[PDB]
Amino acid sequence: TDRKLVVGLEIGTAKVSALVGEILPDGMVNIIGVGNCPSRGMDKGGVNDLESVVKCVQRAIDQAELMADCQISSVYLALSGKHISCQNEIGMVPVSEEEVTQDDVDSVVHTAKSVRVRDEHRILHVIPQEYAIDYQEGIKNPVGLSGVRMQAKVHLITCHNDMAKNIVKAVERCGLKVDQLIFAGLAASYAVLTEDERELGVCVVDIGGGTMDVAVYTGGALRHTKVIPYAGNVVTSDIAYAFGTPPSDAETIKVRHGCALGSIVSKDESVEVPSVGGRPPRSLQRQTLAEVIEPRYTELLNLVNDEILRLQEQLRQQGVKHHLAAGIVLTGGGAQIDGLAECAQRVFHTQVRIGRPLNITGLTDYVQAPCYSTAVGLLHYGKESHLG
């Protein structure tokens, strides 16, 4: 008769995004409300001023609430940060009456997640990877099948206990309930990935301001989750230091004229820059600016490439699919720079594409930017939370 709504909120380093979407019978999300606000009160270490973030959240909430003609009461909250980690466990149970029932599934996943976890961490996501019923490896939906012993591979995403307290207080002080805390990198791949790319094998890199969220899917299952604490802010620091310009201006010139490949930028495109110390403005070439951006971006993607390969090795020792036939998907705000899909192709030596949010309709023009990957992914994750 009506409409099922899902609202996602991302309190980022520079933007606070609130998205309102309808669940359609398709499985697509009809985005009917957008809310943007400059994220005031958050360092990269986290929240430094609660009252500022409360006004920021309710501002973004009020705009999307009015644009959608609804009443937001609960949200799906994103969560980024340095102290996010992962681990993989393996459980095994005797199959009840030699036919896999739901209680068989629930206990083997329970015995996998009931393990010692990284010092000062709690389980944020319990994601089963695949099941093995009597040496039929790689089973996704195993309920109903026959067998004696069943193995389950479960992927655990863990986070520090306190790293969410501030942003939960911020949202709760706006009269809103937190439906669930979602890892930002997880929601990102929910938005930019197709299901066949997970089957073929892919690696998503959510490139924000302070973190690079990396997820690796092989054989249709999430294999790895890694947070690298170096992103677009380190690139901005290079421009501010290599040219002697305020970081507020180094951020402007990077988004306005930056490029990850000095190979493709012309020699006659010249940019102007305000200098520090009240000293006269300087004039540099777009190519020279790209010659500063390229070494850092290459170094960052090599950190991801180094993480992909050593994971691929350990997967080879375990007899699990490992090849990334779908390639690399770079997403996030830091992935929107020119020439990046080409700079990454020289690093990973495979197909690279810049992914935007998928599977959406309505106000798609407002959230089609790769920086909206996490925000849209909160809508899809919450949609899957409903139908289940």
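Numbers follow the displayed sequence, beginning with 1.
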| property | result |
| --- | --- |
| Stretch with the higher entry mean CA B-factor, where the candidates are 353 to 361 and 38 to 46 | 38 to 46 |
| Per the entry, higher mean C-alpha B factor between 315 to 323 and 344 to 352 | 315 to 323 |
| Selection from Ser263, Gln87, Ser107, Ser80 [criterion: highest C-alpha temperature factor in the record] | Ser263 |
| Which of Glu291, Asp306, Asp206, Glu272 ranks first by CA B-factor in the deposited coordinates | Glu272 |
| Modelled-residue ranking by C-alpha temperature factor, third containing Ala64 | middle |
| Chain-relative CA temperature factor third for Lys226 | lowest |
| Lowest, middle or highest third - CA B-factor, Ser74 | lowest |
| Third of the chain's Cα B-factor distribution that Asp213 belongs to, per the entry | lowest |
| Entry-reported Cα temperature factor of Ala14, expressed as the chain third it lands in | highest |
